[PDB]
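For reference, the structure is listed below as structure tokens.
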Amino acid sequence: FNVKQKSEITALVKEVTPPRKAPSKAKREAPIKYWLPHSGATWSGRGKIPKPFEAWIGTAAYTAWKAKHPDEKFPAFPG
């Protein structure tokens with residue numbers, strides 16, 4: 001959906017057909033609907049965290065973002 005609030009979920013052991021569990025860095029996060037059409041992206045493998053993106057997409061852009069959507073994005077500062 002276009003209006004759909006956030007979900008940030010912790011890393012899990014990998015999906016594989018036989019019983020052999022690889023230690024996968026799994027990150028499942030929503031950033032912004034203005035840049036990506038689905039906010040809620042699953043990556044099992046490379047350690048992606050969209051906090052330096054969502055922080056610079058909020059440092060000044062949050063006042064224009066709040067006119068475009070109600071409070072869909074997580075209110076992040078650069079820290």
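Ordering of the structure tokens sets the chain letters (A, B, ...), residue numbers begin anew at 1 in every chain, and ligands are numbered from 1 in the order given.
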#### Entry: 7 Å contact set for residue 76 in chain A, only C-alpha atoms, chain neighbours under 4 positions out, as a PyMOL selection string
chain A and resi 54-55+58
### Task
Could you give me, as a list in words, the residues within 8 Å of range 13-15 of chain A, counting only C-alpha atoms and dropping anything in the same chain fewer than 5 positions from it?
residues 21, 22, 23, 24 and 44 of chain A
Next, the residues of the selection above should be written as a short mmCIF file (atom, residue, chain, number, x, y, z; two decimals), in the first residue's frame with N, CA, C and O atoms.
```
data_model
loop_
_atom_site.label_atom_id
_atom_site.label_comp_id
_atom_site.auth_asym_id
_atom_site.auth_seq_id
_atom_site.Cartn_x
_atom_site.Cartn_y
_atom_site.Cartn_z
N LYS A 21 22.06 -24.25 8.66
CA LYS A 21 21.69 -22.84 8.93
C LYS A 21 22.92 -21.88 8.87
O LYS A 21 23.71 -21.80 9.82
N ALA A 22 23.04 -21.13 7.77
CA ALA A 22 24.06 -20.07 7.64
C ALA A 22 23.75 -18.79 8.50
O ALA A 22 22.58 -18.37 8.51
N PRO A 23 24.71 -18.13 9.19
CA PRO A 23 24.41 -16.94 10.05
C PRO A 23 24.23 -15.61 9.27
O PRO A 23 25.09 -14.73 9.26
N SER A 24 23.07 -15.49 8.61
CA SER A 24 22.79 -14.37 7.68
C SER A 24 22.46 -13.05 8.40
O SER A 24 21.57 -13.00 9.26
N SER A 44 18.53 -10.49 3.23
CA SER A 44 19.31 -11.53 3.95
C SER A 44 20.74 -11.69 3.35
O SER A 44 20.89 -12.34 2.31
#
```
All helix (DSSP H, G or I) residues (DSSP, backbone) inside chain A, as a tab-separated table (two decimals) with C-alpha atoms, in the first residue's frame:
```
chain	number	residue	atom	x	y	z
A	51	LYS	CA	19.57	5.19	9.27
A	52	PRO	CA	22.17	7.60	7.48
A	53	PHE	CA	19.59	7.77	4.57
A	54	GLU	CA	16.44	8.36	6.84
A	55	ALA	CA	18.47	10.89	9.00
A	56	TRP	CA	19.56	13.11	5.97
A	62	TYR	CA	10.89	16.29	7.43
A	63	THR	CA	8.87	19.64	7.28
A	64	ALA	CA	8.12	19.05	3.49
A	65	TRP	CA	7.72	15.22	4.05
A	66	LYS	CA	5.05	15.87	6.82
A	67	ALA	CA	2.95	17.91	4.27
A	68	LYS	CA	3.22	14.97	1.70
```
## Note on the structure
Here CA of residue 3 in chain A and CA of residue 48 in chain A stand apart by 23.4 Å
### Message
Taking only C-alpha atoms into account, name the residue in A:42, A:59, A:2, A:7 that is nearest to residue 25 in chain A.
### Response
A:42
#### Entry: DSSP strand (DSSP E) residues within chain A, listed as a PyMOL selection string
chain A and resi 25-29+41-45
Could you turn the residues from that selection into a file that holds C-alpha atoms, as a PDB file, in the first residue's frame?
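Result file selection26.pdb:
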```pdb
ATOM      1  CA  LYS A  25      22.804 -10.593   8.474  1.00  0.00           C
ATOM      2  CA  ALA A  26      19.031 -10.097   7.837  1.00  0.00           C
ATOM      3  CA  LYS A  27      17.595  -6.534   7.934  1.00  0.00           C
ATOM      4  CA  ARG A  28      13.855  -5.826   7.272  1.00  0.00           C
ATOM      5  CA  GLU A  29      13.138  -2.020   7.419  1.00  0.00           C
ATOM      6  CA  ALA A  41      12.488  -4.232   2.342  1.00  0.00           C
ATOM      7  CA  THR A  42      13.955  -7.688   3.343  1.00  0.00           C
ATOM      8  CA  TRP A  43      17.746  -8.213   2.689  1.00  0.00           C
ATOM      9  CA  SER A  44      19.308 -11.528   3.954  1.00  0.00           C
ATOM     10  CA  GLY A  45      23.166 -11.270   3.512  1.00  0.00           C
TER      11      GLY A  45
END
```
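Considering only C-alpha atoms, the residue among A:19, A:31, A:37, A:75 positioned nearest to residue 50 in chain A is A:31.
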### Task
Tell me which protein, DNA and RNA residues are within 8 Å of range 70-72 of chain A, counting only C-alpha atoms, leaving out same-chain ones fewer than 6 positions away, and put them as a ChimeraX atom specification.
/A:3-6,32
